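All of the numbers you see were taken from the coordinates with simple rules; none came from a lab. Positions of Cβ are generated from backbone atoms using ideal geometry, with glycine treated the same way; all protein chains shown enter the neighbour counts.
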Amino acid sequence: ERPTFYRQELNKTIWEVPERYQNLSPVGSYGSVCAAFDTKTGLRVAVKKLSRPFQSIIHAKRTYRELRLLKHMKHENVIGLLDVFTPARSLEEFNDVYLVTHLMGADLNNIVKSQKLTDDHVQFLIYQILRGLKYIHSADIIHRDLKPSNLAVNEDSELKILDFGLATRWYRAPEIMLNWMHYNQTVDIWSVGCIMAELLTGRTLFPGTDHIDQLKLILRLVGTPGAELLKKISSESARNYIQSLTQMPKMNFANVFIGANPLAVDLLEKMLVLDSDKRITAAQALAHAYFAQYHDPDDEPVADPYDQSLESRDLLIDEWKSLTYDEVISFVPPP
Ligand SMILES: CCCCCCCCO[C@@H]1O[C@H](CO)[C@@H](O)[C@H](O)[C@H]1O
Ligand SMILES: CCCCCCCCO[C@@H]1O[C@H](CO)[C@@H](O)[C@H](O)[C@H]1O
Ligand SMILES: CCCCCCCCO[C@@H]1O[C@H](CO)[C@@H](O)[C@H](O)[C@H]1O
């Protein structure tokens, strides 16, 4: 049975939603988001209305990509779908897509507020990110822009990784900062280390003022490339410049993170290595003794493989639109 919808105009735009979704209230901004109450489940939800979903080939492709990812993501620490709907009774009138998920209510700034968390709290939060990253990475997905605003947290400090959240460079791996084009999964591990550091200290690890200051600040802490790492640089210019650099020594992290759990420090040394091939993975981080009170190797699930070649095709608008439509139709709500 097609549910009954109703119109309403929020934050200067019309929203058409099923009746189960009551008390819509804007929470901010590829779409706008309202908090709402789901009378069917009894749950507070975030409802996202996609912005101009089928206006261009590029918008259509993105809508399809977002819809497909979110439908795939089914893990406690990763944002997924409670519902996806359209007013449309058929493909001919299909022009809007609404996405529904748990309202978390806060991201990792509202929960943190620039202060030191306790070690226990830090463990809990980083464990959750890594548990979610393991899941993500097993589907062969690199996040690439992990930061506090891309991490949704509720009151009980239960955390979910967000595709897109509601200073944006402080958490970027050096190789992303330098527009390398062969990233590995440990670009996300770098971002986790920056986040972990800040939760432990109350302070941004690398608050660069601009692009170059950021890299300066990273080199100060991790040192300049060693010889094994220079051997992996294909760009002659990059190579030349690094070789012109005055060798800088890697700092001792026990002196950077004064009074932190020695296991936290050890873990940060394994996350924040210049050479991405030498960074601890999310699976390995989960087994690190720092997360002893939370680690359960039998409840750290992995994803089904995800076909991302389906989203990087070159299709006509009406083809993406029709493919996106079928995804809406095929959607099965979680238990
Ligand atoms: C929905 C649960 C989180 C999934 C994380 C994927 C977020 C996708 O975000 C995308 O990630 C790509 C990485 O492949 C980047 O190259 C893109 O620029 C970015 O748009
Ligand atoms: C002068 C500043 C040096 C920045 C060097 C970044 C080192 C990151 O490490 C490198 O990551 C590359 C991209 O993912 C990989 O191809 C390499 O295997 C890896 O060593
Ligand atoms: C992977 C290595 C990337 C090369 C980074 C380029 C650094 C540019 O950085 C700038 O370099 C200028 C000339 O080099 C100088 O005027 C400045 O001292 C410096 O800030």
- request: Pull up the range 108-153, narrow it to residues that are basic (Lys, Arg) and more than 15 Å from ligand 1 (Cβ to nearest atom), then point me to the one that is farthest from the chain's Cα centre (by Cα).
  value: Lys116
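Take the residues in the range 302-312 that are touching a helix residue (DSSP H, G or I) at 6+ places or on another chain (Cβ under 8 Å) and of a type outside the set (A, V, I, L, M), then tell me which one is nearest to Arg65 (Cα to Cα). Spell out how you get there, then give the answer.
Initially, the range 302-312 is screened for residues touching a helix residue (DSSP H, G or I) at 6+ places or on another chain (Cβ under 8 Å), giving 302-304, 306, 310-311.
This time we only want the ones that are of a type outside the set (A, V, I, L, M), so: 304, 306, 311.
On the way: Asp304: 17, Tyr306: 11, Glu311: 6 Å.
Once the filter is applied, the top-ranked residue is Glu311.
Please state which one of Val47, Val33, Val27, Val78 is over 25 Å from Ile141 (Cβ atoms), in contact with a strand residue (DSSP E or B) (Cβ under 8 Å, 6 or more places away or on another chain) and of a type in the set (A, V, I, L, M). Give the steps one after another, and end with the answer.
Details: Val47 fails: over 25 Å from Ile141 (Cβ atoms); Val33 fails: over 25 Å from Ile141 (Cβ atoms); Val78 fails: over 25 Å from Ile141 (Cβ atoms).
When all the criteria are applied, what remains is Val27.
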- prompt: Among the residues of the range 199-226, how many are within 12 Å of ligand 2 (Cβ to nearest atom), out of contact with any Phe, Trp or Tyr (no Cβ under 7 Å at 6 or more places or on another chain) and β-branched (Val, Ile, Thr)?
  reply: 3
- prompt: Quick one: would you say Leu69 is in contact with a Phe, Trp or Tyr (Cβ under 8 Å, 6 or more places away or on another chain), closer than 26 Å to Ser149 by Cβ and of a type outside the set (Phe, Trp, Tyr)?
  reply: yes
task: Could you please tell me which pairs satisfy a Cβ distance under 6 Å, a separation of 6+ or placement on different chains, a first residue in the range 226-240 that is under 19 Å from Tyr183 (Cβ atoms), and a second residue that is of a type in the set (D, E, K, R) and more than 9 Å from ligand 2 (Cβ to nearest atom)?
output: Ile233/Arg239
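Look through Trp190, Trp180 and report the one residue that is assigned to a loop (DSSP other than H, G, I, E, B) and either under 15 Å from the mean Cα position of the chain (by Cα) or over 20 Å from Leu81 (Cβ atoms) (or both). Even if it seems obvious, please write down each step before you answer.
Numbers: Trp190 fails: assigned to a loop (DSSP other than H, G, I, E, B).
Among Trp190, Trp180, only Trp180 is assigned to a loop (DSSP other than H, G, I, E, B) and either under 15 Å from the mean Cα position of the chain (by Cα) or over 20 Å from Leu81 (Cβ atoms) (or both).
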task: Say whether the condition of being within 16 Å of ligand 2 (Cβ to nearest atom) and exposed (fewer than 13 other Cβ atoms within 10 Å of the Cβ) is met by at least one residue in the range 188-198.
output: no
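With respect to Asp107, is the statement that it is farther than 30 Å from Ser322 by Cα, in contact with a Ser or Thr (Cβ under 6 Å, 6 or more places away or on another chain) and not polar (S, T, N, Q) true?
Working: farther than 30 Å from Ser322 by Cα: yes; in contact with a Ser or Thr (Cβ under 6 Å, 6 or more places away or on another chain): yes; not polar (S, T, N, Q): yes.
Considered against the rule, which asks whether it is farther than 30 Å from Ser322 by Cα, in contact with a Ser or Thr (Cβ under 6 Å, 6 or more places away or on another chain) and not polar (S, T, N, Q), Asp107 comes out as yes.
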message: Can you tell me which of (1) surrounded by fewer than 14 Cβ atoms within 10 Å (Cβ to Cβ); (2) under 30 Å from the mean Cα position of the chain (by Cα); (3) within 14 Å of ligand 3 (Cβ to nearest atom) is the one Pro225 doesn't meet?
response: (1)
message: Here is a list: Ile233, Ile242, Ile189. Which entry is within 29 Å of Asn110 (Cα to Cα) and of a type outside the set (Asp, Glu)?
response: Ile189
- prompt: Within the range 230-251, can one find any residue that is away from ligand 2 (no atom under 16 Å from the Cβ) and exposed (fewer than 11 other Cβ atoms within 10 Å of the Cβ)?
  reply: no
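Mind listing whichever residues of the range 167-182 are aromatic (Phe, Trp, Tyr) and either farther than 20 Å from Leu268 by Cα or within 13 Å of ligand 3 (Cβ to nearest atom) (or both)?
Hit for the range 167-182 is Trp180, nothing else.
Out of the residues in the range 278-335 meeting the condition of being of a type in the set (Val, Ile, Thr) and surrounded by fewer than 15 Cβ atoms within 10 Å (Cβ to Cβ), tell me which one is farthest from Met73 (Cα to Cα).
Residues of the range 278-335 of a type in the set (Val, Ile, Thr): 280-281, 302, 317, 324, 328-329, 332.
Adding the requirement that they be surrounded by fewer than 15 Cβ atoms within 10 Å (Cβ to Cβ) leaves 302, 329, 332.
Numbers: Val302: 10, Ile329: 17, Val332: 13 Å.
Checked the range 278-335; the qualifying residue farthest from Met73 (Cα to Cα) is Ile329.
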